[PDB]
Peer 1: 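Please read through the structure below; I'll follow up with questions.
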Amino acid sequence: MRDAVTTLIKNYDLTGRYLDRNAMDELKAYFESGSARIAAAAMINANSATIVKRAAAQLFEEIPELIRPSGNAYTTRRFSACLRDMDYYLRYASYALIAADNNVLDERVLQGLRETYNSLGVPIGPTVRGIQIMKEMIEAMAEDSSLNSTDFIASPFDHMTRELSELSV
Amino acid sequence: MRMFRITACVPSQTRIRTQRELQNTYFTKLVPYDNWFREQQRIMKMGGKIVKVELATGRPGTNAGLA
Amino acid sequence: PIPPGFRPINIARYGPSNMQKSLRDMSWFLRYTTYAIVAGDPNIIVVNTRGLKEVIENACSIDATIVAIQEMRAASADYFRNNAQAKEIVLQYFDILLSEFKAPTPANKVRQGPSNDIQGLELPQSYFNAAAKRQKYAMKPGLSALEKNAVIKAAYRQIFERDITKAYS
Amino acid sequence: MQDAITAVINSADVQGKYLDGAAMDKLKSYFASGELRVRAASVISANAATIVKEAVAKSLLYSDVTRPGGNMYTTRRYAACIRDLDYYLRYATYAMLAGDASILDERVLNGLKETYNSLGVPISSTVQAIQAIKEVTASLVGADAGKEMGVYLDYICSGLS
Amino acid sequence: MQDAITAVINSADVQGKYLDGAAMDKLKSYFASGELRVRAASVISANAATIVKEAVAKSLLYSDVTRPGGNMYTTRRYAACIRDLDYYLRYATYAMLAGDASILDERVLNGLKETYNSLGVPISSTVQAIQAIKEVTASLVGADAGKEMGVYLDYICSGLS
Amino acid sequence: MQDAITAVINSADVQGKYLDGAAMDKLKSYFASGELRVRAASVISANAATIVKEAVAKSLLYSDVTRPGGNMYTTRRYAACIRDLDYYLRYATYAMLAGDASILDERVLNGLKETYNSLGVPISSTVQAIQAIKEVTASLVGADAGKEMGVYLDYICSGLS
Amino acid sequence: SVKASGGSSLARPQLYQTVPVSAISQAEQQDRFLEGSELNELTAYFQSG
Amino acid sequence: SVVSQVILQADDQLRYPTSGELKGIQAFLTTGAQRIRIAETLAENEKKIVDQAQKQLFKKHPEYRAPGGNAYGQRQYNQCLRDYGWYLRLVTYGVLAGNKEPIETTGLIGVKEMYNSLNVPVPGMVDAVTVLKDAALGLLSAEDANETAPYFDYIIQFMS
Amino acid sequence: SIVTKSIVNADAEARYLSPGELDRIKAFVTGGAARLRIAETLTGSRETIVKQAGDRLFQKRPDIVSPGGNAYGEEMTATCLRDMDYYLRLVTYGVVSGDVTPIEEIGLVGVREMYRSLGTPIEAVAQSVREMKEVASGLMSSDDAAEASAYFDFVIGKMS
Amino acid sequence: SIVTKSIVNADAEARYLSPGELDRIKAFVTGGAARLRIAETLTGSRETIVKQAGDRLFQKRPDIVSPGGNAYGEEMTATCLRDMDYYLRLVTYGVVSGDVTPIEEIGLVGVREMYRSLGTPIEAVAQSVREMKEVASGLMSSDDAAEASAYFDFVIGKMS
Amino acid sequence: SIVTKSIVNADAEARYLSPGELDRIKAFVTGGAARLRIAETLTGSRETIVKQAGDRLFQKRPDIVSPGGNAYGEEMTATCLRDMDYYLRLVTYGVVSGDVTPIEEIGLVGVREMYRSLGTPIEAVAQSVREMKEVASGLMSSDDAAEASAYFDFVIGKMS
Amino acid sequence: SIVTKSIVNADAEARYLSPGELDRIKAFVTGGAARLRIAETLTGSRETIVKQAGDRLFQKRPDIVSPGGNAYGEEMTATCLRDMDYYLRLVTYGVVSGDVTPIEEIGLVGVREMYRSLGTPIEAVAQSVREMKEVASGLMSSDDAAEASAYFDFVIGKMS
Ligand SMILES: *[C@@H](C)[C@H]1/C(=C/c2[nH]c(/C=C3N=C(/C=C4\NC(=O)C(CC)=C4C)C(C)=C\3CCC(=O)O)c(CCC(=O)O)c2C)NC(=O)[C@@H]1C
Ligand SMILES: *[C@H](C)[C@H]1/C(=C/c2[nH]c(/C=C3N=C(/C=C4\NC(=O)C(CC)=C4C)C(C)=C\3CCC(=O)O)c(CCC(=O)O)c2C)NC(=O)[C@@H]1C
Ligand SMILES: *[C@H](C)[C@H]1/C(=C/c2[nH]c(/C=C3N=C(/C=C4\NC(=O)C(CC)=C4C)C(C)=C\3CCC(=O)O)c(CCC(=O)O)c2C)NC(=O)[C@@H]1C
Ligand SMILES: *[C@H](C)[C@H]1/C(=C/c2[nH]c(/C=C3N=C(/C=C4\NC(=O)C(CC)=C4C)C(C)=C\3CCC(=O)O)c(CCC(=O)O)c2C)NC(=O)[C@@H]1C
Ligand SMILES: *[C@H](C)[C@H]1/C(=C/c2[nH]c(/C=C3N=C(/C=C4\NC(=O)C(CC)=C4C)C(C)=C\3CCC(=O)O)c(CCC(=O)O)c2C)NC(=O)[C@@H]1C
Ligand SMILES: *[C@H](C)[C@H]1/C(=C/c2[nH]c(/C=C3N=C(/C=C4\NC(=O)C(CC)=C4C)C(C)=C\3CCC(=O)O)c(CCC(=O)O)c2C)NC(=O)[C@@H]1C
Ligand SMILES: *[C@H](C)[C@H]1/C(=C/c2[nH]c(/C=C3N=C(/C=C4\NC(=O)C(CC)=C4C)C(C)=C\3CCC(=O)O)c(CCC(=O)O)c2C)NC(=O)[C@@H]1C
C-alpha cells in the first residue's frame with residue numbers, strides 16, 4: 001500500500017534519481033496539506049454513521065426500485081449488507097484522504113469490485129451514485145465547517161467512481 | 001524425533017468480536033522439538049499459559065541420534 | 001393483547017410516504033410469515049427481522065409495530081382456528097417473529113486482518129444466519145466411535161478435498 | 001456420548017443379552033416422556049435469549065462480581081459469561097433431548113473447571129448462575145420438564161464444582 | 001531414533017573422543033549380525049499377519065476379554081487390538097533392524113502405560129500376547145534371530161509392566 | 001502485556017476510581033524518565049549483536065558447558081543458546097522501554113524454567129550469562145540506565161531461579 | 001480502470017433455509033446418502049406440507 | 001498505550017522498534033503533561049458534565065422515563081449515571097494512555113451484545129455518549145477539547 | 001440413534017434444533033412403539049432364525065463344513081452360530097434404536113480385518129445375514145418386515 | 001511511511017483511524033519540515049559524503065581493495081562507490097518517509113544473499129554505511145544527526 | 001544413520017521395510033567393513049592430516065595469523081586446530097555411519113550463526129576443511145578417497 | 001524406484017541429494033544385473049507359472065469354481081487367470097525396478113474397494129499370488145527365489 005510519499009519515492013527509485021526540488025515541492029505541499037487532511041478525516045470520524053445513514057436515505061429515494069421487490073436492497077439483510085458496503089467505502093475514503101493517494105483504494109477496494117458485484121448481481125450505477133452522494137455530503141459538511149482546504153475531499157470518491165464505473169464513452 | 005509433552009490453556013482474544021464456536025482452551029499436546037519454539041512463541045503472544053511441559057520424548061542431552 | 005406503551009399514529013401527521021411504507025411493511029410481514037409457513041423453517045423471519053428494530057425505530061413507532069404484529073397474530077389465529085395441530089405452528093411462528101423483531105441488533109462479525117498485509121473486514125449478523133453454515137468438527141478426547149470416525153473422515157476431506165480412505169483405503 | 005436407547009443397548013450388551021422387560025418398559029417411559037421433552041426443547045429454543053436474560057438479571061447483576069475487582073466487571077468478561085450461559089442452556093437442551101447426561105462430560109465438562117481455575121473464574125458464582133438458569137427454566141416450562149432439566153443442570157454444577 | 005552405530009557415536013561424542021576398539025567391537029558385532037537381522041526382518045514381514053493370527057489364536061481367543069463385557073469384545077475393539085499387536089511386531093522389527101530399542105521405548109512407550117491405564121486394557125494379557133508373538137517368531141525364524149527378537153519383545157513387556 | 005502507564009490505569013480499574021495523586025506522581029516520573037528509556041532502547045537496538053557476542057565471549061566461552069560433555073557443546077546447542085540470549089535482550093529492551101516487567105512475566109516467564117528443566121539446561125550458567133548481559137548493557141549505556149536494565153534482569157534472575 | 005481481472009464466477013448465497021435444503025445440505029457436507037434421520041425430517045415435512 | 005502498540009508491533013514483526021515509532025513515543029512522552037492536565041480537570045469536574053449530559057439525553061429521548069422503557073426505577077437511573085461516570089472514567093484513561101486501548105479493553109469490546117442482553121438501545125446510548133461529548137467539549141478549553149474529541153468519536157464509531 | 005445424530009449434527013452446526021428436526025423426533029418417538037414391537041417379535045423368534053440360517057447355509061455353501069474350511073466338528077459351528085446370534089442381536093439393537101449407529105458402535109465396522117485375521121469369509125457372513133433377512137421376512141409380516149429389512153440390507157451391504 | 005503504517009494498523013482491525021494514529025500522523029506532519037531539511041542537506045552533500053566515507057572505508061579496511069580483495073581495481077572501486085551512493089539515496093528516502101520501510105523494501109531484503117552471491121564482505125559494507133553515518137552526522141546539527149543516524153543504524157543492524 | 005533414515009521412511013509410510021531397501025541395508029552392511037577400514041586409517045592419521053591441513057591453511061591465508069584476523073595468538077590457533085580436529089572427527093563419524101546425518105546433527109547446521117557470533121570467516125573455514133579433504137585424499141587410497149570425498153564435499157557445500 | 005523416492009524426498013525437503021542417498025542410488029545402479037536376470041527368467045516363464053498356480057488354486061479351493069461362486073463361468077475363470085497374469089506382470093515390474101512403488105501405484109491402491117465391489121475374495125487373490133510365489137520359487141534358483149518372493153510376500157501382505 002502506497003501513500004503520496006511512498007509513490008513519489010517509488011517513482012524516483014524507478015529512475016534511480018535523488019529527490020530534486022520538484023520532489024521537495026511535492027512533499028512540502030503534502031506536508032502543509034496534511035493538517036487539513038487530518039482535520040477532514042477527524043471530521044468524518046465523528047459523523048460517519050450519520051453520513052452512511054443519510055446516504056442510504058438519499059440513494060433509495062433517487063433510485064426507489066432498490067427497496068422495491070426484485071431490487072438488490074430489498075430485504076433488511078441486503079439493506080444491512082449495502083450499508084456495510086457504504087461504511088467500507090467511507091472508511092477507505094477516509095484512508096485515502098489521510099494518505100493523499102488512491103493506491104489504497106485500488107489495492108483494497110477496486111481490484112475485485114466488479115467481479116464481486118457481477119457475481120452477486122449487485123448494481124454498480126447505484127453504488128457509484130451512493131459514492132457521489134457521500135462525496136456531496138462530505139463536501140457540504142466541510143464547506144459548513146471551518147475547513148480552509150476542501151479541494152482534496154472529492155478526489156478519492158471521484159477516483160472510485162472512475163475506476164469502478166463502466167466506461168460509457 | 002524428539003518431542004515435548006506440553007499442557008496449556010490459551011484463551012481466544014477475538015472470539016467475542018468474531019462470534020465463533022467455542023473450543024476447550026486447555027489441552028495436553030505432543031509437539032515436536034523443531035516446531036516447539038514457534039509453538040511456544042505463538043502461545044505466549046496469544047496470551048495463553050503453558051502450565052506443564054516435559055521432555056517426554058528422547059533423552060535429555062543427546063548429542064547424536066536426534067530425529 | 002399486550003400493549004406496553006403505544007400511542008396511535010395520526011395519518012396526516014405521519015405523512016403519506018411513511019404511511020405507504022408502513023402498509024407495505026405490514027403486507028410484507030404477512031407475506032414472509034406465509035413464506036416461512038410454507039418453508040417450514042423460521043430462518044427467513046429470523047434473518048429479515050433480527051436487525052430491523054434499529055433501522056425501523058428512527059421514523060416509525062416500535063410499540064406500534066409490536067401492537068401491529070400482535071393484532072396480526074390474533075387475527076390470523078381467530079380467522080384460521082382449524083385445530084390445535086395446525087394453529088400452534090402459526091402461533092409459534094408469530095411468536096418467533098415478535099421475539100426476533102423485539103430483539104435488538106447483534107454485533108456484526110468482524111474478520112480481523114491476520115497481519116499488516118491483509119485487510120480486516122466486517123459482516124452483519126444476518127448474513128451468517130441463512131448462508132448454509134459449515135459443520136464444525138472438534139475432536140474431544142472422550143468422543144464415541146461414530147463421531148470420532150466422522151471427525152477423522154471430515155479431516156481427510158478437508159486435507160485431500162475428498163474421502164480418500166473410503167475411495168482408495 | 002449416548003442416549004437412553006443407546007444406554008440400554010450398552011447395558012444389555014455388556015452381558016451380551018437381548019432386550020429384557022426392564023429395558024422394554026423404561027424405553028416405554030422414554031417414549032412416553034419424549035413428546036414433553038421435544039415441547040420443552042421447542043419452547044426454550046424459541047425463548048432461549050430471554051431465559052439467559054432473566055437468569056443474569058436475578059443472578060449476577062447488582063453484585064460485587066459486577067463491581068470492579070470482580071470477574072463480571074469488564075464488558076468482554078460479561079459477554080464471555082453470558083455466551084457461556086447460553087452455551088450451557090444449549091448443551092442442557094441437548095442433554096434433555098438426548099435423555100442421557102453423557103453429553104456434558106463429553107463436550108463441556110472435559111476441562112471447564114480447571115480452565116476456569118486457570119482464568120480465575122468464580123466457580124461459586126457460576127454455580128449460582130446454574131441455579132438461576134434452573135429456576136427460570138422451571139418457571140418457564142413447568143415443574144415436570146423443569147425437574148428433569150434440573151437433573152442435567154445439577155450434573156453441570158456438580159461437574160464444575 | 002538411535003540405532004547401534006549412532007548410539008556408539010553418541011557415546012564417543014559425549015566424551016569427545018574418536019571411535020576406538022571399545023565401541024568398534026560392538027560395531028563389528030552389528031555388521032556381523034546385520035544380514036541375520038535383515039533376513040529375519042524379511043521373514044517376519046513375509047509372515048507378519050500369520051504371526052498375529054496364530055498369536056491371538058494361542059493366547060487371546062476364547063478368553064474373558066473376547067467374551068461380552070471383556071476388553072476385546074466389539075469389532076472395532078478387536079481391530080484396534082490386532083492393530084496394536086502388529087504395531088508392536090513392526091516396531092520390534094524396526095528395533096531389531098536398528099540394533100537398539102530407542103524406537104521401541106520412545107515411539108511406542110511414550111505414554112502407552114498411561115493410556116492403557118486410562119482405557120482399562122489388561123497389561124498382563126497384552127504381555128501374554130507379546131510372549132505369544134515371541135514364541136511364534138522364535139519357532140518361525142530360528143534360535144539366534146528368535147532370541148534377538150525376544151530381547152526387544154520382553155523389553156516391550158518390561159515397558160508395559 | 002501492560003505498560004507502566006497502563007499499570008496505574010489497571011489498578012484504578014480494579015479500584016473502580018479515577019487517578020489519585022499517589023499514582024499521578026508515578027505517572028509524571030515515568031513521563032520524566034521515558035525519553036532516556038526509549039533512547040537507551042534505541043542504542044541497544046543499534047548495538048544488539050554486540051551484547052550477545054560479548055556476553056558469550058566473557059561468560060560462556062571456554063567452559064565445561066561448551067567443551068565436549070556440555071549442554072552447549074554442539075553447534076545446534078550454540079545456535080539455540082545465542083538465539084535465546086538474543087530473545088532475552090530483545091524482551092529486556094521491550095521492558096525497559098515499556099516501564100513494566102509484565103512482558104517478561106507473560107511472554108518469557110510462562111514456562112521457560114520448566115522447559116529448561118525438561119531440556120537439562122544449566123540454570124546457573126543462564127544466570128551468570130544474564131549477569132554478563134547486565135555488565136555489557138551497563139558498560140554500553142551507563143549506570144543510570146544500567147541499574148534500570150538490571151532491575152528487569154534481576155526479575156529474570158528471580159523468575160528463572 | 002483496473003488492469004487485471006481475477007475472474008467472476010457465479011455466486012449463489014443461500015437467502016434462507018428450508019427443511020429439504022437443511023437435510024440435503026447436512027447429508028452433502030457430511031458426504032453421506034440420506035440416512036434415517038434425514039429421511040425422517042423429509043417424511044415429516046412432506047406429510048405436513 | 002502507544003508504548004504497548006509499538007512493543008506489540010515489534011514483537012509481531014520479530015524485531016526491535018524502529019525510528020518513526022521511537023519518535024512517536026518521544027512525541028507522546030512530550031504531550032503527556034497535556035494529557036495529565038486534561039485527565040485531572042475532567043476528573044475534578046465530572047459531575048456537572050454527567051448532570052447536563054443526562055439532562056440533554058432524557059430531554060432528547062423521553063421514552064426511558066416514560067412507560068415501556070428501561071429507566072423507571074431510581075436504581076436503573078443510578079445505574080445509567082454510573083454508566084455515564086464509567087464512560088467518562090474510561091475517556092480519561094484513554095486520554096492518559098494516548099490511544100484507544102483502555103477504552104477498548106475495558107468498555108467497548110462486546111458492549112453491543114452486552115446491552116443486547118440488558119435491552120438498553122445502542123443508538124440511544126450513542127446519543128448519550130454524544131451529549132456527554134458535547135458537555136465535555138463545552139467544559140474543556142479549545143485545544144484540550146480538540147485533543148479529547150476523537151476518543152468520544154471512536155466510542156461513537158465502535159458502538160454504532 | 002436418531003436423537004444421537006440429532007445432537008451431533010446440531011452441535012456441529014452450532015445452533016438449537018430446527019422445527020423440522022423436532023418433527024423428526026416426534027415421528028421417531030411415535031414410531032418407537034412399532035420398532036419395539038418388531039424388536040420383541042424378533043427376540044421371540046430369535047432361535048429359529050439362528051437354526052434355519054445355519055442349516056440353510058450349510059446346505060447352500062458346504063465348503064466351510066467340509067475339510068479346508070473354518071467349520072470343523074461341533075465347537076467351530078457353535079462359535080459360528082454364536083456369531084449369528086450376535087449379529088441378530090445387533091439387528092434387533094438397530095431396529096429398537098431406529099438407526100444403525102449402535103450396530104456400528106458394537107459391530108458393523110472393523111469386521112473385515114476381524115474376519116481377515118480369523119480367516120472367515122466376509123461374503124459368506126453377508127450371505128448368512130441374507131438368509132436371516134428372508135427367514136425373518138417369511139415368519140413376520142412383510143409390510144411390517146420392510147422396517148427390519150431396511151436394517152438387514154444395510155448390514156449385508158456393509159459386510160458385502 | 002508512518003501514514004501507511006497507521007492506515008494499515010487501523011484497517012487490519014477494520015475500524016477508522018484511532019486518535020493515537022491521528023496524533024502520530026500529526027507528529028509526522030509537524031516533523032515533515034525538519035525531515036525535509038535533513039533529506040535536502042543529504043542530497044545536496046551526496047557526493048562529498050560518498051567520497052569522504054569511501055576514503056575512510058578504504059583507509060580502515062585495505063584488504064577489500066588490495067589485490068585478491070572483492071573491490072580491487074578501479075571498476076570495482078567505482079562499483080563500491082555506486083553501492084554506497086545507492087544506500088545513501090535509500091537513506092534519503094527513509095528520511096523523507098519518516099521510517100525505515102523504503103530502505104527495507106528496496107535494499108535490505110535479500111541483501112545478505114545478494115552480497116554472498118557477489119562475494120562481498122557484508123561487514124565491510126556495514127562499515128561503509130557506518131562511515132557514511134559518521135560523515136553525514138558531522139554535516140548537520142545534533143538532533144538532525146541523531147535523526148539521520150537512526151536510519152543509518154537501521155541499515156547497520158540489517159547488514160550485521 | 002542410513003539404517004535409522006530407512007526406518008524413518010518406513011514408519012513415515014507406515015509399513016514394513018521394502019525389499020529394495022532391505023537389500024540396500026545389506027549392501028551398507030557389506031560395505032561397512034570398508035568404511036571401518038577407512039575409519040582405522042583416518043584415526044591412525046588423525047594428527048598428521050590436521051597438522052598438515054592447518055599448515056596449508058595458514059600458508060594459503062596469512063591474514064588469519066596476521067593482525068585483523070580472528071585467530072591471532074597461540075591459544076587462538078590452538079582453538080582453530082581444535083575446530084579442525086572436531087570437523088575431521090565428524091567426517092570420520094559420517095564415514096562410519098554411512099550418511100551426513102551425524103555431521104548435520106552435531107556440527108553442520110547452525111554453523112552460520114556459530115561463526116557469525118564468533119566473527120569467523122565461513123569461507124575461510126570452508127577453505128580449511130577443503131585443505132583437510134585434499135590432504136586426506138592425498139593420504140588415502142583411490143577408492144577410499146573417493147568414498148570420503150563425497151562426505152567432505154558435503155561439508156564444503158553446507159559450510160561454504 | 002529408489003531414485004524416484006530419493007529425488008521426491010529431497011525435493012520435498014527443498015535440498016540436493018546428499019551422498020548418503022547418492023551411494024544408495026549408485027549401489028542400486030551397480031547391483032542391477034541380478035534383478036534384470038530374474039526379470040527375464042520370470043518373463044520367460046510368464047505363462048507356465050500362471051497355468052500351474054491357477055491349477056493349484058482351483059484344486060485347493062473349489063469354492064471359487066463352485067456354483068454361485070465369484071468365478072463360476074469359463075470367461076470368469078479366463079479373467080481370473082488374466083488377473084494372475086496382471087499381478088505376475090506387476091511382480092516383474094517391481095523386480096526390474098528394485099522397488100515396490102510400481103506395484104503400489106498400479107495394482108495396490110483401491111484393490112480392496114475394487115474387489116469389495118466385484119465380490120472377488122481378497123484372501124483368495126492373496127492365495128493366488130502366494131501360489132505364483134511358490135511356483136516361481138520352485139522354478140528358479142534359491143537366492144533369486146528369495147529375491148522374487150520378497151516382492152511376492154509384499155503383494156500378499158498388502159492383500160492381507
Ligand atoms: C460359520 C457359518 C462362519 C464362520 C465363523 C467362525 N467364527 C469364528 C471365530 C470368531 N469369530 C469372532 C467374531 C466376533 N466376536 C464378537 O464378540 C463379535 C461381535 C459381536 C464378532 C464379530 C471371534 C472373536 C472369533 C474367535 C472365537 C472367540 O469368540 O473367542 C470361528 C472359529 C475359527 C477358529 O479358528 O477358532 C468360525 C468357524 N466361519 C466361516 O467360514 C463361516 C462364514
Ligand atoms: C411504522 C409503524 C411502520 C413502518 C414504516 C417504515 N418503514 C420504512 C422502511 C423500511 N421498512 C423495512 C422493513 C422490512 N425489511 C424486511 O426484510 C421485512 C420483512 C421481514 C420488512 C417488513 C426496511 C428494511 C426499510 C428500509 C428500506 C426503506 O427505506 O424503505 C420506513 C423508513 C425508515 C427511514 O426513513 O429511516 C418507515 C418510516 N415499518 C413498520 O414495520 C411499521 C409497519
Ligand atoms: C459466567 C457464568 C461467569 C464467568 C465466565 C467467564 N468465562 C470466561 C472465559 C472463557 N470461558 C470459556 C468457556 C468454554 N470453553 C469450552 O470449551 C466451553 C464449552 C463449548 C465453554 C462454555 C472460554 C473458551 C473462555 C475464554 C474466552 C473465549 O471466548 O475464548 C471469562 C473471561 C475471563 C477473562 O478475563 O477473559 C469469564 C468472565 N466468570 C464470571 O465471573 C461469571 C460469573
Ligand atoms: C490388544 C493387544 C488388547 C487391547 C487393547 C486396546 N487397544 C485399543 C485402542 C488403542 N490402541 C492404542 C495403541 C497405539 N496407538 C498408536 O498410535 C501406538 C504407537 C504405534 C500404539 C501403541 C491406542 C492409543 C488406543 C486408543 C484409541 C485408539 O483406537 O487409538 C482399545 C480400545 C479402547 C476404546 O475402546 O476406546 C483396546 C481395548 N485390549 C485387549 O483386551 C487386548 C489384550
Ligand atoms: C544459552 C544462554 C544457554 C542454554 C540454551 C539453550 N536453549 C536451548 C533450546 C531451547 N530453549 C527454548 C526456550 C525458549 N522458548 C521461547 O519461546 C523463548 C524465548 C522467550 C525461549 C528462550 C526452547 C523452546 C528450546 C528448544 C529449541 C526449539 O524448540 O527449536 C538449547 C538446546 C538444547 C538441545 O539442543 O537439546 C540450549 C543449549 N543452554 C546452555 O547451556 C546455555 C548456557
Ligand atoms: C444510561 C446511559 C443508559 C442505561 C443504563 C443502564 N445500565 C444498566 C446496567 C448495567 N450497566 C453496566 C455498565 C458497564 N459495564 C462495563 O464494563 C462498563 C464500562 C466500564 C459499563 C459502562 C452494567 C455492567 C450493568 C449491569 C449491572 C447492574 O444492572 O447493576 C441498567 C439496568 C438494566 C436493568 O434493566 O436492570 C440500565 C437501565 N439505560 C438507559 O436508558 C440509558 C440510555
Ligand atoms: C579455524 C579453522 C578458524 C577459526 C577458529 C576459531 N575457533 C574459535 C573458537 C571456537 N570455535 C567454536 C566452534 C565449535 N565448537 C564445537 O564444539 C563445534 C562443533 C564440533 C564447533 C563448530 C567454538 C564454540 C569456539 C569458542 C570456544 C569455546 O568452546 O568456548 C576461535 C576463537 C573466537 C574468539 O573470538 O576468541 C577462533 C579464532 N578462526 C580462523 O580464522 C580460522 C579460519
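In what follows, every chain begins at residue 1, and chains take the letters A, B, ... in the order their sequences are listed. Quick note: numbers below take in every heavy atom, side chains included, and nothing from hydrogens, waters or symmetry partners.
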Peer 1: Please confirm whether H:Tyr72 and H:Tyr64 have ring centers closer than 6.0 angstrom.
Peer 2: no
Peer 1: Would you say the ring centers of H:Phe58 and H:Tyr77 fall short of 6.0 Å from each other?
Peer 2: yes
Peer 1: Which region of H:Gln9, side chain (C-beta onward) or backbone (N, CA, C, O), has a non-hydrogen atom less than 4.5 Å from a non-hydrogen atom of chain C, or is it both or neither?
Peer 2: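 Contact with chain C is through the side chain of H:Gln9 alone.
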Peer 1: Who in residues 35-66 of chain C is close to chain H, using a strict under-4.5 Å heavy-atom cut-off?
Peer 2: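 Residues of residues 35-66 of chain C touching chain H at under 4.5 Å: C:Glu54, C:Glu57.
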Peer 1: Between C:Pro104, C:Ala107, C:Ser115, which residue shows the highest count of heavy-atom pairs closer than 4.5 Å to chain H?
Peer 2: C:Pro104
Peer 1: Not counting sequence neighbours, list each pair that qualifies as a ring-ring contact (aromatic ring centres under 6.0 Å, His included) and has a residue in residues 114-161 of chain C.
Peer 2: C:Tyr156-C:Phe160
Peer 1: Does a sphere of radius 6.0 Å around CD in H:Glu143 hold more than 12 heavy atoms from other residues, nucleotides or ligands, not counting ones at 6.0 Å or beyond?
Peer 2: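 Counting other residues, nucleotides and ligands, CD of H:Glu143 exceeds 12 neighbours.
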Peer 1: Charged N to carboxylate O under 4.0 angstrom, C:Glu147 versus C:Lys140?
Peer 2: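 No, C:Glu147 and C:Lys140 are not salt-bridged.
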Peer 1: Using a strict cut-off of less than 4.0 Å between a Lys/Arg side-chain nitrogen and an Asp/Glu carboxylate oxygen, indicate whether C:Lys153 and C:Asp163 qualify as a salt bridge.
Peer 2: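 C:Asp163 and C:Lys153: not salt-bridged.
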Peer 1: Evaluate the side-chain proximity of C:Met72 to C:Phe29: yes if any heavy-atom separation is below 4.5 Å, no if none is.
Peer 2: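 Sidechains of C:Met72 and C:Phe29: in contact.
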